[PDB]
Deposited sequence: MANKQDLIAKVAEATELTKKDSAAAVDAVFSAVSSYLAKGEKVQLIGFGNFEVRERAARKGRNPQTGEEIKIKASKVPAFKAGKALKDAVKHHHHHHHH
């Protein structure tokens, strides 16, 4: 699925217009991105948590340190996917 498919599902679920649904989807992921870029934790009860984690440089090949925007799924999501 893609963003436009998500938008269509949101519209169908809420009966909001596709136009409002699209603005809402874009605002959600813009907001998560911005909070992560500010180095905040994003906790979404019933879904999971986004947080930037540091990955150390590794060592012929050398990988530099990185800041990885990472996701930890909640139990509700892990359960649904596994079943």
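In this chain, the deposited residues that lack C-alpha positions fall in the ranges 1, 61-68, 93-99.
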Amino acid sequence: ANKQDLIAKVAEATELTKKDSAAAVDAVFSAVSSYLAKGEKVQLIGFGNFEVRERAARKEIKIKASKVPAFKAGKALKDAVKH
From here on, numbers count along this sequence of modelled residues.
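Remark: stretch with higher mean C-alpha B factor among 19-27 and 68-76 is 68-76. Note on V52, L44, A57, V32: the highest value goes to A57, judged by CA B factor as recorded. Sort the modelled residues of the chain by CA B factor and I63 lands in the highest third.
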